[PDB]
Every structure is written in structure tokens, then in C-alpha cells.
Amino acid sequence: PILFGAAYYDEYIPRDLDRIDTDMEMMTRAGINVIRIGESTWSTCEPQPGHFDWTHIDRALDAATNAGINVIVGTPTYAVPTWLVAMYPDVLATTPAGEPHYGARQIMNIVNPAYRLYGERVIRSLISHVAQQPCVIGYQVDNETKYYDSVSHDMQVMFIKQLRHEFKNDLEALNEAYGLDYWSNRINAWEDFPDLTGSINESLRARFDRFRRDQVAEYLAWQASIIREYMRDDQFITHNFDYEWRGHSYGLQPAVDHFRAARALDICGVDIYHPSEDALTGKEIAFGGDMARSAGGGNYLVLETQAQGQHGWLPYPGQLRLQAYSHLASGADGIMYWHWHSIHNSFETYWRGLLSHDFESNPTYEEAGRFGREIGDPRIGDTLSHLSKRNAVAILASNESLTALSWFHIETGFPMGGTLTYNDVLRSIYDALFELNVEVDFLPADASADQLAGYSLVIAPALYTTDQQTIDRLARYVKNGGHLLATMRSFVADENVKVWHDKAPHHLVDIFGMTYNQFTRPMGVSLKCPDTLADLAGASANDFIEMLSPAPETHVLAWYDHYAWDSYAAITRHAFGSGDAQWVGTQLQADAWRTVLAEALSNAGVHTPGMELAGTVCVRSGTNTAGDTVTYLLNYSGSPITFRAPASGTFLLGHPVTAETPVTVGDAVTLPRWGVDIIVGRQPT
Amino acid sequence: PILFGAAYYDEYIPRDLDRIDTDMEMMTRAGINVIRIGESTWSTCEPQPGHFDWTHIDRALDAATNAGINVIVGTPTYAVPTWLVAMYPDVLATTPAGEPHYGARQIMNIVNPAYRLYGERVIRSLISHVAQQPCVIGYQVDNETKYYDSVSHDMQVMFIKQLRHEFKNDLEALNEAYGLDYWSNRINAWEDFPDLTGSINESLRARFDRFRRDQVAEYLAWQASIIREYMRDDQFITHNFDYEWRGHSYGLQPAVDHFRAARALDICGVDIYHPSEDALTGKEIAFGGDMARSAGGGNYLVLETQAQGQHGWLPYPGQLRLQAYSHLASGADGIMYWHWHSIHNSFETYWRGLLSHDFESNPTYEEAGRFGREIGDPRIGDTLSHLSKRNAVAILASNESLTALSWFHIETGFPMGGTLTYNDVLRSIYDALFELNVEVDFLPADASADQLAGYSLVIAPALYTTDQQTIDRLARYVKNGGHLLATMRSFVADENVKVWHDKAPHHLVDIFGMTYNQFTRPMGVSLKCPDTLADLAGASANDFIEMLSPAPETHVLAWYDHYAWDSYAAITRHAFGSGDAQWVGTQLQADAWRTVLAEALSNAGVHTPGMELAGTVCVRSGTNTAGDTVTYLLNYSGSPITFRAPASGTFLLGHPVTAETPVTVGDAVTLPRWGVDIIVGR
């Protein structure tokens with residue numbers, strides 16, 4: 001059935017209480033069938049070196065067993081004990097800010113041998129101890145693992161050795177690849193290799209970031225490999241990925257390549273956090289879910305999301321339920337809250353769980369339990385689980401480009417100034433599509449020809465650095481009938497972040513039917529659109545403009561409206577083989593992005609039910625394991641709304657209209673504020 | 001008489017001058033009867049280790065003696081000589097910023113042995129040298145002393161031993177009290193105890209902060225105890241406390257507990273600086289005076305305030321006078337300027353004294369002298385000194401709550417984000433009261449049953465962390481007839497900053513007649529006020545809202561006006577015993593605070609004639625030593641004002657009306673811009 005649950009910290013509950021069995025009863029009452037334990041408390045289970053105390057782990061396993069609740073056990077390696085650092089200070093990484101100081105979780109040097117050695121021992125002892133317990137259904141490897149800005153000596157030497165291997169000891173080739181002549185930065189003998197911390201060369205720095213991302217992935221695989229020596233055949237290994245953090249889950253994760261790192265896992269997990277209250281839009285849940293579903297090639301677990309949340313996140317009545325159904329609408333096969341309660345000391349005292357600091361019932365917990373009892377009814381649960389999505393549009397995601405542009409800021413070309421980031425461009429586009437009710441998959445930028453070929457529209461947002469093979473695949477995708485749309489600052493540099501030295505866009509001048517070699521930060525530049533984009537006439541060009549020189553054969557969709565720049569296009573499209581290729585040479589406002597992308601989808605022949613409801617209600621859909629269509633209707637607003645049904649079949653939930661009421665496409669539908677219902681393409685049962 | 005003076009630095013005066021007797025004469029001309037010397041110049045009086053040179057100290061004592069001026073001697077320990085750090089670099093504290101570098105004052109590790117050894121030596125030599133000089137009337141111990149964010153090894157080890165003592169060596173108890181299971185932070189053996197610098201556990205950090213605050217209090221008591229070995233029976237020990245600095249004196253001092261630290265002294269002293277010119281309000285003078293008066297249980301000395309001041313403080317004509325009288329209206333028994341002149345080199349070149357860089361007369365000095373000759377006339381001096389204030393309202397101050405919310409920000413729960421601080425809440429209440437012409441005392445949060453009992457209204461501004469005993473006193477205070485008003489984020493946590501785990505407000509749900517367990521940052525939330533607070537109707541709820549669930553018998557003064565939260569109250573008041581208890585579950589704008597407080601005060605039976613003049617003129621009063629009522633009328637505006645006299649008696653000063661003109665409550669009164677007079681009820 002659908003996983004529904006919460007992280008539980010027996011280790012944190014005040015010791016003067018004895019309420020574990022009460023907590024378990026509150027959970028089963030709320031339709032909770034799974035808890036997560038163990039990951040944050042190494043110092044409780046191994047209180048002195050070599051001395052293991054499973055009191056708290058056993059208590060949770062026993063209490064869950066007695067309640068009929070399942071358990072996912074997390075390895076406790078993301079936060080280290082006082083006794084470990086006392087013996088080995090280097091467990092804590094040196095960063096660019098200098099020497100570390102004990103306290104915070106996730107400031108360790110993940111390649112430190114004391115960290116790996118003791119880590120391996122607690123992993124072995126914990127997983128050995130719990131693996132045969134029937135309530136344990138799976139494992140979380142570590143927790144939201146990154147490399148934590150480590151520039152420790154060892155990590156650097158290891159990087160130098162990998163550079164030797166990559167370049168077959170040839171420093172002429174390395175210095176040329178990275179342009180290291182500049183500012184007298186050549187490395188002409190391996191023993192002269194400087195400390196990377198002060199490097200001003202982004203070719204080198206990027207490669208080091210990539211190396212360290214790869215170490216994250218290897219560390220996860222290594223942990224998974226250890227759990228594989230103990231686990232039962234009916235258990236799974238997962239991990240809780242997280243996203244760029246801007247007060248909440250925002251964009252592609254800078255420190256980890258989720259596509260690559262997910263290969264060690266049986267199923268992808270993810271943590272998603274987002275604005276609520278008047279600011280609930282659904283966008284972060286959908287973005288988060290689409291990236292997890294894409295990284296894992298199918299259904300994923302939401303291992304953490306918000307209950308009462310941080311200050312400001314407390315959900316209006318109805319919002320918790322609407323947030324939950326949203327996850328299922330992106331294809332989640334589980335939802336778990338972080339966490340069951342609210343902790344009474346220390347950093348996350350006010351990142352609040354289902355229960356408040358009094359451990360009483362409250363309206364948020366009660367709303368959760370109404371949700372849990374809904375999906376725990378098989379009539380609802382069997383209908384919503386394992387949802388399959390077949391999307392026609394893909395967005396290309398690139399950790400290498402995020403890294404590159406974090407240094408060469410789009411607007412300035414330097415690691416200072418500007419406000420537009422890679423994830424801003426990505427989200428500007430993702431969010432426009434969301435506003436139009438068009439659903440997307442994410443693809444890594446090095447996706448195969450077969451993968452690309454599945455999609456009718458492929459979008460490349462500020463896809464700044466790629467290899468030559470990637471360019472060639474995309475040309476071929478277009479030739480064979482695809483539609484490629486790229487934005488400014490794409491295909492600028494090779495995989496070593498060296499800007500190509502032929503005509504831009506590199507090896508795509510004939511595909512896009514244009515070239516450029518000039519750009520600026522626009523002052524009072526707007527757009528003239530003669531035809532297909534007539535609705536865009538007048539829109540502003542923002543942040544950065546590329547002076548696109550269209551070929552004589554190319555269709556210009558927009559020109560700069562400015563006396564210095566009006567010889568140049570802002571937006572072009574050009575046929576090539578059976579497909580076409582569009583470039584957007586500027587950043588657009590949200591309304592302009594919706595205009596451009598709605599036209600592009602129309603050009604590409606992409607239609608989905610709910611497109612007509614854009615701006616009225618959120619519609620997201622899929623096919624269930626009976627092969628029926630499932631259409632969610634999600635009202636992300638504080639007013640009731642009326643609209644016409646986008647599909648025919650039966651209302652699965654009912655809404656303030658009863659469950660199993662039939663509906664026909666076109667029928668009037670009303671949802672209350674923060675309301676939801678779901679049409680399933682079958683008759684009532 | 002009233003002390004009136006300035007700090008004087010003969011050590012800093014250009015050496016080509018010989019003007020000390022001219023300075024002294026300009027001082028006596030201006031009614032100045034005391035100077036403060038010695039505290040900033042260790043390297044001048046001990047130029048090489050063990051070699052003392054009292055030339056400058058002697059010059060000042062001889063010149064003062066010759067002019068009939070009294071002297072307060074400061075110990076010079078808050079800035080250290082180059083020769084001391086050259087031997088002992090650990091004199092300078094390690095901070096979370098890392099290694100220190102010599103130059104600034106007040107970057108020492110106040111528990112360092114070299115610092116305390118050489119410090120005891122200079123103290124003993126200086127005090128011994130001056131103690132029997134008739135002009136010396138007292139002593140300042142160090143100067144605005146704090147712990148300077150020291151995380152030096154010794155201070156940490158000392159703290160660990162203090163923890164062993166407090167938990168009786170029981171690390172199981174310590175880990176539970178502080179919740180150190182979280183993020184694998186348990187300390188399971190004493191030898192594993194980590195550096196505190198990078199701790200993310202605010203129960204532990206807050207306790208370290210409290211320890212270091214107590215080390216400041218001890219340091220002050222240690223110096224006072226040395227000084228007591230030499231001083232005459234006719235002399236006093238004091239200290240210049242200071243406030244949270246936000247460009248000027250703003251709020252409760254974060255690094256020192258003035259109520260505790262003040263115990264070692266004969267009389268409290270204070271340094272107060274504030275906006276002037278168009279932004280002169282008198283709020284900071286009154287806040288700082290109320291605090292200092294409260295900390296020491298009576299009259300206090302303003303050991304420093306602004307003369308010409310920093311750039312932007314230069315007072316408009318009339319304002320220096322108005323500022324001065326403002327201090328005496330709060331209960332000051334002395335006013336000293338920092339400082340006499342304007343220094344020609346170095347960091348405070350432009351923190352300017354009475355005289356400018358040219359040492360000439362100027363209008364600010366001349367205004368100060370007109371004021372000093374005023375109070376120097378016993379008709380006025382005698383009437384105004386040792387003022388005694390009996391207030392009906394108390395505000396509870398808590399360093400522990402300041403500390404806790406410096407990390408757990410009201411709005412965010414984290415040490416980043418938000419704008420609303422503990423002191424902002426305290427000042428929001430204080431300022432509304434001042435604007436209502438209501439005078440207050442401060443009490444420490446742990447104030448005794450007897451101290452609480454003396455007040456008709458007690459206000460708990462964001463009293464985030466307390467012990468259980470404080471909560472039980474307060475409940476008894478209400479049961480017995482008191483009126484308690486608490487704001488949001490009060491009584492949340494125990495004295496270890498561990499949030500209580502029963503219903504909130506902890507052991508007070510019966511008293512306030514309400515519980516809450518939900519809160520948020522409000523978006524477009526207003527208040528609905530059905531009766532008693534009808535004037536507040538439509539006011540904004542700001543910064544944070546607690547979802548109060550009132551008992552059936554509780555009076556709901558304000559509900560949330562918002563479709564998500566309108567089941568919940570924002571402001572509640574509940575009868576308990578013969579008193580009552582009111583909770584304001586959000587932050588209010590300034591005008592909303594006046595509306596709320598004016599109603600609470602009326603509920604509590606507090607009314608005076610000055611409250612009728614709120615918004616028009618500042619009225620502050622007390623009783624002088626002949627038993628007469630002294631009523632200040634202070635105009636903190638750039639225009640003239642007209643109003644009805646709030647008391648009968650005689651005008652003391654005269655104003656643009658002669659000195660000693662009679663007046664009767666209700667008589668029309670006019671004051672010029674920045675004006676002042678005083679009605680004395682005889």
C-alpha cells in the first residue's frame with residue numbers, strides 16, 4: 001500500500017515520559033504505517049568507542065512491532081560523536097573558511113579514514129543488529145549527504161592522483177585544457193601542484209567540484225554495498241536527496257548529482273520543503289517530485305516533508321491534505337513527515353513535526369490522520385499508488401553548468417554581482433510550464449539518443465557546459481523531428497569549462513540558424529515581435545542579451561527594440577531536418593515566459609488536458625496500475641473556484657459532491673479554497 | 001550636592017600646552033564639581049613593567065584640589081599595555097573570530113592570570129597612591145566591563161568544572177537537561193567535552209554565556225574588594241554600566257547582568273547616549289535611568305553622557321539643558337560628560353566633549369555652564385537631588401531571555417532571519433508607556449514575592465526562559481490581586497532553555513485561562529476587537545502570532561481576523577484569585593500598543609494627572625527629600641506647546657514666567673521648543 005509515516009526520535013523524547021506506546025497508537029489511528037529511526041543519534045547508540053547501546057533502537061522496533069508499524073532504519077554517519085573528534089580532529093573537514101569547530105552535523109571530511117573506519121563499524125553493528133527484525137522494511141544510507149566544502153589535504157591529494165590518471169600524466173595537456181598560462185598558473189611538475197582553495201581558475205575549481213560530487217556518490221554506494229551484505233531479499237535501500245536550499249527546496253542540488261548518485265539505491269527518496277499559507281503554489285512539490293521521479297526512472301519516496309514546519313509554514317486548514325495529495329500527484333509512493341514531534345532543545349527546536357512541544361493532539365496532526373485514513377482505504381490507495389507518468393516535455397538538468405555559472409555569473413561573468421542564477425533560469429521555465437498545466441520530466445544533459453527521442457519538446461536552460469557528444473546528440477534529436485529550445489548561456493563551453501573557440505553556438509550554428517559573439521546587460525531594451533509572438537510585443541529583455549545574428553533562412557520571433565541593437569534577434573527558430581531549434585537570447589518575465597512557451601508547445605504539437613484551465617486550477621495526471629487515467633485537481637488558492645471538468649469518469653474523493661459521483665468532461669466543478677478532488681477514468685464502484 | 005562633571009584626560013592633552021589650571025577654571029565657572037581620571041591610560045602610569053609614573057595622576061589631583069573640584073579615580077584595567085602583551089599574548093582573548101591582535105581596548109581574556117596579576121598590581125599601586133588625597137571622593141572599577149566574547153581555553157575549562165559542580169558529575173543528567181542526543185552531540189565522558197565555539201545547542205551555549213556574565217560580576221566584586229582594603233570610610237565605589245549598543249544606548253546589556261553585578265558597588269553608575277537634534281525623544285535617557293535606578297535600588301550616577309558628542313549628536317540650542325534635566329527627572333544624583341575635550345588622535349577623535357579640538361569656548365560648553373550654575377544654586381540643587389520615585393508598574397527584565405532569543409529568533413526559531421529582538425519587544429512596551437506618561441521600574445524576572453506585590457501591573461515582555469519558581473511567584477502574584485500582562489514567547493522554556501513539554505503556557509494555563517500549541521509568521525492578519533478594545537479594531541498582528549485557545553470564562557479582548565485563524569484569540573484576560581492575567585499573542589505597532597496598555601492600566605487602577613497629557617508633554621516626577629512633589633514638564637519637540645498644568649505648586653525654574661511663580665493644576669502652561677520647567681508642590 002502507499003507508505004505514510006514519520007521520522008521518530010525515541011532518543012529525543014524527554015526521559016521523564018513513558019509514551020512510546022501512546023505515540024504508536026496515535027500513529028496507527030492516523031493511518032501511519034512506517035517510521036524512520038536511527039540516523040541522527042550515533043552518540044546515543046555508540047556512547048563510547050566500541051560500546052554499543054541499542055536501547056533506543058530496540059524500543060522503537062519493539063513498539064512498532066507491537067503496533068503493526070514498519071520501520072526504515074537510517075545509518076547514523078551524518079553526525080559524529082564528541083569521542084570520535086577528541087581522538088581524531090581531522091574527522092572534521094578543513095573548508096575555505098578555515099579550521100572547523102565541533103557541533104554541527106555534516107561538517108565532516110567524508111574521505112577521512114577515522115570517519116570511514118568508525119563509520120563502517122557503526123553501520124555494520126547497527127544493520128547486523130536490526131536486519132532480521134520483521135518490522136524493518138528498508139534502510140536510509142546516511143542523510144542528505146554532501147561533501148561539505150571539504151578542502152582537506154587528503155581530498156586534494158586524491159584529486160591530484162585522479163588528474164594524473166585522467167590526463168595520463170601529461171601536464172602540457174592539463175595546462176592547455178584549463179588555460180593555466182593565465183596569470184602565471186601553470187602546473188609544470190606534479191610536485192608543484194598548489195592548494196586548490198585559492199584557485200582563481202574555474203576550469204580547475206569545477207573539476208574539483210565534480211570530483212567531490214563523485215565522492216558523495218561513491219560514499220553512498222559504499223554504504224549500500226555494506227547493507228547489501230546483511231539485508232533480507234524483501235528489504236530495500238534508499239536515500240533522502242535534497243535540493244538547493246533557499247529557505248526551502250528551490251533547485252538542482254549543487255553538491256550532488258542525483259542522477260548518478262541514485263544508481264546505488266533500490267528506490268529514490270527525497271526531502272521536500274516549501275512555502276505554505278498564502279504562498280502555497282505547489283511548484284516545489286511538483287519540481288521536487290519530478291526530479292526524484294526522473295532520477296530514479298519511476299516512483300520515489302518522499303522520506304521527509306513538512307508537518308507544522310518552520311515558523312511561517314504552519315498550514316491553513318486543508319493545506320496539509322492538499323500538500324499530501326500533491327506528492328501523490330507527482331508519483332510518490334510514500335509520504336513521511338519530518339518528524340513525529342517537536343524537539344525541546346537545540347537547533348531544530350522550531351522545525352516542528354506533527355505534534356507540538358506538549359505532545360497533545362492538534363489540528364495539523366488531526367488533518368494528517370484524516371488523510372492517512374483516506375489513502376489507507378484501498379478504494380483510494382489502490383487507485384493512487386504507483387502512478388505512471390508519460391510526459392512529452394523534458395528539461396535538461398546539468399550539475400556542471402550549475403557549477404560553472406556559480407562562478408561565471410550570467411550577468412557579470414565573475415563570482416560576484418548579479419542576481420540571476422542557474423537554478424533561477426531553470427525554475428523560471430519549470431514554473432512557467434507548471435502555470436500552463438504542462439508536466440515535464442528532467443533528463444541529465446548527457447541523456448542518450450533513445451531517451452531524448454521520447455520527447456516532443458526538449459528544453460535546455462542555461463546549459464552552459466557540455467561535451468561535444470552531447471551537442472551532437474541534440475543536433476541529431478532535432479534532425480530526426482525533435483523540437484529543441486535553448487536559452488542564453490547555453491553550449492558556451494566544453495566539459496572543462498573552456499569556452500569553445502569557434503562560432504557560437506558551437507557546432508549548432510546550422511541547427512539554430514544563427515550565431516552570436518556579442519552580449520550585454522540590457523538597459524531599457526524591449527522586444528518587437530512581428531507575428532507568431534505578437535502577444536509578446538513590448539515585453540522587456542532582462543538581465544542579459546545575446547546579439548543573435550540570424551541566418552537569412554531563419555525565422556525571427558523577436559527583435560531587440562533599441563537603436564543600438566535592433567539589427568539583432570532576441571528569439572529565433574529554425575527548421576533542421578524534420579524538427580526545429582529555438583533560441584531565447586534573454587531572460588523573460590514570468591508572463592512572457594508563459595507566452596513563449598505556450599507558442600513553443602503549440603509549434604511542437606503538445607497538448608494535455610488541463611491546458612485550458614491554466615491559471616484557474618492545477619491539473620496533474622497519470623495512469624494507475626489498473627490502467628485508468630487519474631486526474632488531480634488541485635486548488636492552490638484561498639478562494640473557492642469554478643471550472644469545467646478536464647476529464648470524464650468518477651470523482652474519487654468528493655469535495656464540499658460525494659465520493660464515487662460520476663462526471664463528464666465539460667461539467668461545472670466547484671472546489672473550495674485549498675480544495676482537491678481527483679477524476680478517475682472509470683465508472684463508480 | 002548633585003554631582004556635575006566630566007571625565008578629564010591630562011594624559012591626552014597635547015604636550016606643548018600647559019592648560020590644566022585653565023581647564024579647571026573653565027570647569028568651576030560652569031558649576032562642575034567633579035572629574036573622573038585614570039582608567040584609559042595604563043601604559044602612561046606604568047610605562048614599563050613595575051615602573052610606575054604618577055605624573056599625570058598627580059597633576060590632575062593637584063589641579064582639582066587647587067580648584068576645589070572632587071575626583072573619581074578609575075582603575076586602568078580595561079586596556080592593556082604593549083609591554084604586557086609582548087610577554088603574555090594570552091592576555092588577549094581568543095574569540096569565535098579567532099586569534100586576537102593588539103590595539104583595541106576590551107579585547108582581553110578577563111580570567112587570564114597575567115591580566116589579573118598585573119591588573120591587581122596596578123590597581124593596588126594606583127589606589128594606594130591616591131586613597132588618602134582629600135579630593136578623591138570615590139572610585140570607578142574598570143570601565144563598562146564585559147567578557148568580550150572570550151572562548152579562551154582557560155575560560156572553557158573553568159566552565160566545564162562549574163558544570164561538573166552543577167550536575168554533581170552526572171553527565172546523564174547534563175545530556176538530558178540540554179537534549180544533547182540531538183545531532184549526536186552527547187558528552188558521555190568528561191574528557192570528550194568539546195570546544196564550545198562551534199556548538200549548535202543553545203541550552204549549552206546559553207549556560208556558557210551565563211557563566212561568562214557571572215565572571216564579569218565576579219571581576220567587579222574582586223576589584224571592589226581590593227579597593228576596600230585602602231579606601232576611606234567617606235569614599236564610594238561605583239561602576240559605569242552600559243546598554244546594548246545600537247549606534248547608541250538601546251536596551252538591556254547583553255553581556256552583563258546589571259542587577260547581579262551591581263551588588264558589589266556602593267552606588268550604581270551608568271553611561272547613556274542617545275539620538276539628539278530632531279530625534280531627541282528622551283526615551284533612552286529615561287530607559288537607562290529607570291534601569292540604573294532599578295538595578296541599584298535608588299539613586300544612581302550618570303557617569304557618562306554626551307556633550308557635543310559623535311557626528312550628528314551636536315544638540316540644538318536648549319537640548320543639552322533639556323537632556324540634563326531629563327537625567328535628574330529619572331533619579332540621577334550626578335551627571336558627568338564624556339568628556340571634557342576632543343581628542344586629537346586615534347579612534348575617538350570625533351567623540352567630542354564639552355570643548356572642541358581648539359579648546360576654546362563654544363555654545364555647547366556655555367549651555368552646560370548655564371545648567372551647572374542653575375543646579376549649583378541650592379534653591380534648585382536642594383530641590384532636585386535624591387529624587388524618590390514610587391511607581392505602580394513594573395517591567396520584568398531577563399538576561400537569560402535576551403540570550404535565548406539572540407539564538408532562537410522570535411520570528412524564525414534560528415539564529416538567522418527576522419528583525420524583532422528581545423530588546424525590541426522590551427522597548428516597544430517601554431516606549432508605549434513613556435508615550436502614555438506612565439513611569440515604570442524594572443525588576444529582575446526572579447524578583448521576590450514581596451517585590452512583585454508592590455506593583456499594580458507587572459509586564460513580562462518576551463520572558464522566554466525562567467525557572468519553575470519564577471512561574472509559581474507570578475501565579476501567586478496574580479492570585480493575590482495583581483495584574484500580570486505577558487507577551488508572546490513568554491514562559492516557553494525552563495532555565496536550561498529546554499522547551500517545557502506540557503501545555504503552554506507552562507503551569508499557567510489556569511492563570512491565563514488559555515493554552516496554545518501553534519503559531520506562525522502572520523500574512524495579512526488583523527484583529528477583531530468586540531468590546532473593551534474597540535479602538536484596536538482593524539489593527540495589524542505583526543511578526544509572530546500564537547493561536548490562543550481561551551477557556552470559556554476567559555475574556556477575549558481581540559480575535560484574529562483571518563479565515564484560517566479566526567477560531568483563535570490574540571489577546572486574552574482571565575480572572576484568577578483576586579487579580580487577573582492578560583496575554584498579547586502577537587506584536588503590535590506603536591499606536592496599538594498604546595491602546596492596549598492604556599486599557600490594561602485602567603483595568604489595573606493606574607491613573608495620574610500626567611497621563612492626561614500623553615502625546616503633548618513629557619511629565620515625570622517624584623518626591624524630594626523635604627517631602628515635596630517634583631513634577632518635570634519636558635518638551636521633546638521642536639515647537640512651542642500649550643497645555644494644562646498637571647499639578648499645583650510653584651514653577652522652580654521659570655521659562656519663556658519667572659522662577660517661583662505659583663500655579664494650580666489646570667492652569668494654562670506654555671513651553672518653548674525643547675523647553676523645560678518643574679512644578680514643586682509647595
Side-chain angles (χ1 to χ4, degrees), chain A residues 308 310-312 314 342 349-350 352 356-358, chain B residues 395-398 400-402 404-414 417-432 445 458-466 471 474 484-493 497 499-500 503-506 508-509 511-523 525-527 529 533 536 539-550 554 556-562 565 568-574 581-590 592-593 595-597 600:
Chain A
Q308 301 185 79
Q310 290 189 25
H311 286 359
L314 179 74
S342 302
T349 288
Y350 293 115
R352 299 193 305 129
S356 305
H357 289 96
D358 67 6
Chain B
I395 298 174
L396 296 178
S398 171
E400 290 172 296
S401 299
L402 189 159
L405 294 178
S406 83
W407 183 277
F408 296 111
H409 289 182
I410 294 163
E411 290 171 276
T412 66
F414 292 103
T419 55
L420 188 73
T421 70
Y422 172 87
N423 276 327
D424 287 331
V425 177
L426 178 72
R427 289 287 309 275
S428 75
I429 300 301
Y430 186 85
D431 287 10
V458 175
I459 302 167
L463 181 50
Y464 181 94
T465 167
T466 74
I471 283 174
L474 287 178
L484 177 65
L485 191 161
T487 64
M488 66 169 181
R489 259 56 292 273
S490 283
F491 310 115
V492 174
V497 202
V499 179
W500 302 112
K503 294 183 186 174
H506 175 79
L508 289 161
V509 165
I511 304 333
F512 287 93
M514 75 84 170
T515 186
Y516 77 94
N517 66 6
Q518 292 200 316
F519 30 74
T520 201
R521 298 176 74 170
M523 310 168 82
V525 187
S526 272
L527 304 177
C529 301
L533 285 187
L536 186 59
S540 59
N542 301 273
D543 300 332
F544 193 81
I545 57 173
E546 291 169 337
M547 298 318 161
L548 320 181
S549 307
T554 291
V556 179
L557 283 64
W559 298 93
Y560 291 120
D561 185 357
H562 193 286
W565 311 134
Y568 300 102
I571 305 188
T572 54
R573 187 162 58 215
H574 183 252
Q582 176 162 6
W583 194 281
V584 181
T586 190
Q587 176 64 330
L588 302 165
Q589 276 161 222
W593 268 121
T595 293
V596 175
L597 294 164

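Below, chains carry the letters A, B, ... as their sequence lines are ordered, and counting in each starts from 1.
- Between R521(B) atom CZ and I410(B) atom CD1 the span is 11.5 Å, to the nearest 0.5 Å.
- Of the inter-residue distances, the one linking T487(B) atom OG1 with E546(B) atom CD reads 8.0 Å to the nearest 0.5 angstrom.
- Without hydrogens or angle criteria, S490(B) side chain to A460(B) main chain gives a donor-acceptor distance under 3.5 Å.
- Using a distance-only test at 3.5 Å, with no hydrogens or angles considered, a donor-acceptor pair links the side chain of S356(A) to the main chain of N517(B).
- Under 3.5 Å, the side chains of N542(B) and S540(B) contain a donor-acceptor pair of N or O atoms.
- For the pair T466(B)/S398(B), no side-chain contact is recorded, criterion being any heavy-atom separation below 4.5 Å from C-beta on.
- Contact detail for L597(B) and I429(B): the closest heavy-atom pair is CD1-O, 3.9 Å.
- With hydrogens and angles disregarded, a donor-acceptor distance shorter than 3.5 Å links the side chain of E411(B) to the backbone of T419(B).
- Within the 4.5 Å cutoff, the side chain of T586(B) has no heavy atoms near those of the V525(B) side chain.
- Of the possible donor and acceptor atoms, one in the side chain of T554(B) sits under 3.5 Å from a partner among the backbone N and O of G513(B).
- Between the side chains of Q587(B) and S428(B), at least one donor-acceptor pair of N or O atoms lies under 3.5 Å.
- Remark: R427(B) pairs with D431(B) by the side chain to side chain donor-acceptor pair (under 3.5 Å) rule, at least two apart or across chains.
- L588(B) places a side-chain heavy atom less than 4.5 Å from the side chain of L527(B).
- Checked by atom type and distance alone, the side chain of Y464(B) never pairs as donor or acceptor with a backbone atom of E400(B) at under 3.5 Å.
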Chi angles and distances behind the side-chain contact (heavy atoms from CB on, under 4.5 Å) call for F519(B), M488(B): CA-CA 10 Å; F519(B) 30 74; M488(B) 66 169 181; over 6 Å; no
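- When atom types are taken as modelled, the side chain of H409(B) and the backbone of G417(B) share a donor-acceptor pair closer than 3.5 angstrom.
- Between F491(B) and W583(B), the angle of the ring planes lies from 30° to 60°, which puts this pair in the tilted group.
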side-chain contact (heavy atoms from CB on, under 4.5 Å) between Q310(A) and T412(B), intermediate numbers included: CA-CA 7 Å; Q310(A) 290 189 25; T412(B) 66; over 6 Å; no
Give the intermediate values and the outcome of side-chain contact (heavy atoms from CB on, under 4.5 Å) for residues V497(B) and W407(B). CA-CA 11 Å; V497(B) 202; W407(B) 183 277; over 6 Å; no
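- Between atom OH of residue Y516(B) and atom OG1 of residue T572(B) there is a gap of 11.5 Å, rounded to the nearest 0.5 Å.
- Judged by distance alone, with hydrogens and angles left aside, the side-chain atoms of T465(B) form no donor-acceptor pair with the main-chain N or O of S401(B) at under 3.5 Å.
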Evaluate the side-chain contact (heavy atoms from CB on, under 4.5 Å) criterion for residues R352(A) and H357(A): first the C-alpha distance (whole Å), next the side-chain angles of each, then the deciding distance (0.1 Å), finally the verdict. CA-CA 8 Å; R352(A) 299 193 305 129; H357(A) 289 96; 4.0 Å; yes
